[PDB]
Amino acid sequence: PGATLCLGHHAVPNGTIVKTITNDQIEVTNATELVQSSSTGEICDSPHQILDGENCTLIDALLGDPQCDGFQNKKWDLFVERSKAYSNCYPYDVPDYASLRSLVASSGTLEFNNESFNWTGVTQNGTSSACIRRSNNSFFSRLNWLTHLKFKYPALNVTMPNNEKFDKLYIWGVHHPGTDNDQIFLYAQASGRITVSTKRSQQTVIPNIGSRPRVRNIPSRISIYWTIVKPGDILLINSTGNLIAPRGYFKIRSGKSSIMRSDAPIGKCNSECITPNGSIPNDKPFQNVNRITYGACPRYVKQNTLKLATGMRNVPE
């Protein structure tokens, strides 16, 4: 009689279909998913330092819009800008807005140091009804609206040395009045000219008088500019009117900070990968949640599923 000895291999009743080089559908005993396609919908508050902008854009928090006083001197790994955010101060624009936003986001700090600028000869601390702080007319906290003193605005030629070991970021502006009369009521002479310089750089801006559509009943505008001053260099401001002056400087740091647009709630949880849809697990190598990411994240791909075989071909009885 003798014996029979048969060699074989397992199979399962519930196999999974994978793709190969030669076949788009072959059944294997087991597989694992390589694309993360879901989020819980919350941005976890750990382990990255999250700063929820709430009603404020980064730039409004920078300039000091009255809804953003709580942000003073705060730092972040990730600043989260909400779609509901709106400005509620004097109407302004920023030539190159995208770049100022980017460079502040990347720096990761709103640390501000006041400095004593010699504004002899003019009235400081100008305010407006378009910028209410505690029912009182107010203005951007980090900016100083200069006007005539006793119907004189003498030429400003004001200096500020950088004797620090780090770079200084100065934010400043030019006021564009709505009418020829407003120019006179504020600055006591015809349209000014601003020149902000260092040993390395120069910027001159011309105020342009004229009506813009009213925002909070203001047909005037402010245009915002910035200047970086290196150690041992000197800021020089030269103006005969229309200057929205700095009150000091921001520290500019380098590191891993950024900014993201999202309406996702912040949750008390721990996740390394942030997307605008919420945090996602980062075990998988790929994800199709969002091309926008921050942290240790899977790489964005177009596929919604990619199955990696983890078993042999399934050959059921």
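For every residue, the number given is its place in the sequence shown, counted from 1.
Undergrad: Please compare 223-231 with 117-125 and name the stretch with the higher mean C-alpha B-factor in the deposited structure.
TA: Per the PDB entry, the higher value belongs to 117-125.
Undergrad: For the stretches 92-100 and 164-172, which has the higher mean C-alpha B-factor as given in the deposited record?
TA: That would be 164-172.
Undergrad: Kindly indicate the residue among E111, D77, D180, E81 with the greatest C-alpha B-factor in the PDB record.
TA: Of the candidates given, the C-alpha B-factor peaks at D180.
Undergrad: Grab the CA temperature factor for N290 from the record and place it in the lowest, middle or highest third of its chain.
TA: Its C-alpha B-factor, which the entry lists for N290, ranks in the lowest third among residues of this chain.
Undergrad: Using the B-factors in the PDB entry, rank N55's C-alpha atom against the chain and give the third, lowest, middle or highest.
TA: According to the entry, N55 has a C-alpha B-factor in the chain's middle third.
Undergrad: Comparing against every modelled residue in the chain, figure out the third that the C-alpha B-factor of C131 lands in (lowest, middle or highest).
TA: Top third by C-alpha B-factor.
Undergrad: Check where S254 lands among this chain's C-alpha B-factors and tell me if it's the lowest, middle or highest third.
TA: For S254, whose C-alpha B-factor we compare with every modelled residue in the chain, the answer is the middle third.
Undergrad: Place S138 in the lowest, middle or highest third of its chain's C-alpha B-factors, as listed in the PDB entry.
TA: It belongs to the highest third of the chain when residues are ordered by C-alpha B-factor.
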